[PDB]
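Student: Take a look at the following structure, please.
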Amino acid sequence: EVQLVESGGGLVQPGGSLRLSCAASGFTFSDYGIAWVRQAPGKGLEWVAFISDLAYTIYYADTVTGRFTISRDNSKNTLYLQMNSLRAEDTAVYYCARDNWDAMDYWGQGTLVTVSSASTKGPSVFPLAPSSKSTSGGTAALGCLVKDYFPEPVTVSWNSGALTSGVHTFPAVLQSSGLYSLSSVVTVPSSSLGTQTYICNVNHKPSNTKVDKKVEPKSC
Amino acid sequence: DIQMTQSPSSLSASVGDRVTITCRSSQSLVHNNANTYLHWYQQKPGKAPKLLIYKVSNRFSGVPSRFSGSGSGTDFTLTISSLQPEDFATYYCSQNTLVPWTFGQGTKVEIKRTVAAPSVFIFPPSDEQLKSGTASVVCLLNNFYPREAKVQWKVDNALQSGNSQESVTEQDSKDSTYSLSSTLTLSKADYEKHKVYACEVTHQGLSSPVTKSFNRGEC
Amino acid sequence: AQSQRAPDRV
């Protein structure tokens with residue numbers, strides 16, 4: 001029931017600014033200190049800022065000091081991190097974590113900040129239809145191609161979350177064009193093909209692209 | 001300023017094995033209040049870290065009893081008493097006694113598993129992608145172990161080199177396997193001037209390389 | 001150097 005929800009992340013030009021927001025819920029917010037911790041893609045955890053209980057003490061990481069400002073509004077149950085003069089070195093999933101007074105015990109799911117001069121692009125969604133040349137069998141595979149978006153992240157589900165078994169959503173690959181592309185694949189019984197619908201639910205929030213793609217067999 | 005060094009940075013262990021992860025401080029983590037703020041985190045793929053152990057040895061709410069902590073001053077330890085498939089993750093120690101608060105590098109735990117051959121599927125480009133002018137031919141290697149595999153692309157016996165990308169899934173939390181998609185990307189112009197699209201896969205669980213192929217045409 | 005490990009309430 002304890003939750004911290006980060007928002008306000010996104011794409012920013014280098015030198016630009018963002019204000020991250022963390023909406024607290026399910027505890028006494030005014031009782032606890034709140035930390036920010038960031039994780040650059042494929043990298044370790046880096047602590048960045050702390051605001052105490054009533055804001056009396058505030059800590060920054062040297063890497064961040066002067067540019068980032070941590071603040072809170074106890075009456076709003078919200079924490080803020082104002083990030084100025086963003087370098088590429090700041091690209092990271094930024095976590096807000098509540099501190100026990102001994103440990104950061106509850107973290108939010110994170111908001112991704114991408115510092116880049118590239119521009120947002122929505123993806124195209126294409127079906128990966130079951131069986132090539134030879135039809136039928138015992139276990140089939142189908143999927144969706146989510147092609148050519150920037151930046152991360154993209155979300156993929158199947159049948160609005162009702163289908164999870166056999167699902168592999170692959171990490172995105174950065175193509176030579178500076179655009180991302182992934183596949184989400186599912187294995188299902190062959191006998192089920194044509195007696196059930198398979199929809200992939202694609203969301204790319206940064207570009208307001210939200211697409212439901214039906215995937216089925218064809219003629220050849 | 002406290003440097004947190006973990007040992008090892010990664011490891012493979014079988015299910016049921018005892019696994020020990022070491023954390024080293026450059027400075028005592030005993031606070032002035034006599035407490036020692038060393039904590040351990042588990043981070044699974046694309047999820048936030050979860051608190052496992054706080055203050056050296058305290059198991060956090062809902063943490064299974066096979067996870068424990070140990071140590072004093074400079075040298076600390078995380079033990080997994082009997083490793084389970086869901087225990088795949090990166091583990092981090094952290095200190096809270098001094099500012100800045102610091103983490104170790106992480107120790108990635110992989111689950112060692114019996115060899116499993118991939119299931120190989122090939123997908124021609126949909127007509128709809130074709131209309132946008134591109135062709136992606138996808139090759140899926142499903143539920144295999146170990147992670148290493150080679151995928152070779154051929155178009156009418158012409159070797160394809162550098163025009164294909166691969167993505168591997170993180171180890172599955174239930175059956176401990178990996179999956180891999182290789183995407184061959186062509187112009188639709190090029191795609192339509194050729195017939196046989198073949199994916200050749202090499203893997204330890206495969207006696208002999210397996211080729212999945214199709215013959216072009218919305219036929 | 002040492003971090004505050006008690007709330008601003010104290």
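Each chain in the structure tokens gets a letter, A, B and so on, in the order shown; residues start at 1 in every chain, and ligands are counted from 1 in the order they appear.
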I want to know what sits within 10 Å of residue 6 in chain C, based on only C-alpha atoms, with residues of the same chain fewer than 6 positions away left out; could you give that as a PyMOL selection string?
Tutor: chain A and resi 32-33+52-53+100-102
Student: Select residues of chain B: the criterion is any atom within 9 Å of an atom of chain C, counting only C-alpha atoms; output as an NGL selection string.
Tutor: :B and (1 or 31-33 or 96-101)
Student: Can you check which residues of range 41-147 of chain B DSSP gives as strand (DSSP E) on the backbone and send them as number ranges by chain?
Tutor: B: 41-43, 50-54, 58-59, 67-72, 75-80, 89-95, 102-103, 107-112, 119-123, 134-144
Student: As an exercise, work out the distance from CA of residue 168 in chain A to CA of residue 82 in chain B in Å and give it to one decimal place.
Tutor: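 So the answer is 27.2 Å.
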Student: If you run DSSP on this backbone, which residues of range 18-208 of chain B come out as alpha helix (DSSP H), and could you give them as a ChimeraX atom specification?
Tutor: /B:127-131,188-191
Student: Keeping C-alpha atoms for every residue in the selection just given, could you write it to a file as an mmCIF file, in the first residue's frame?
Tutor:
```cif
data_model
loop_
_atom_site.group_PDB
_atom_site.id
_atom_site.type_symbol
_atom_site.label_atom_id
_atom_site.label_comp_id
_atom_site.auth_asym_id
_atom_site.auth_seq_id
_atom_site.Cartn_x
_atom_site.Cartn_y
_atom_site.Cartn_z
ATOM 1 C CA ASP B 127 2.450 -7.121 -46.140
ATOM 2 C CA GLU B 128 1.744 -4.038 -44.032
ATOM 3 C CA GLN B 129 5.433 -3.415 -43.255
ATOM 4 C CA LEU B 130 6.240 -4.056 -46.921
ATOM 5 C CA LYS B 131 3.883 -1.172 -47.890
ATOM 6 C CA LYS B 188 11.280 -4.091 -49.707
ATOM 7 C CA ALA B 189 12.894 -3.569 -53.118
ATOM 8 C CA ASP B 190 15.682 -5.937 -52.149
ATOM 9 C CA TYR B 191 13.351 -8.307 -50.364
#
```
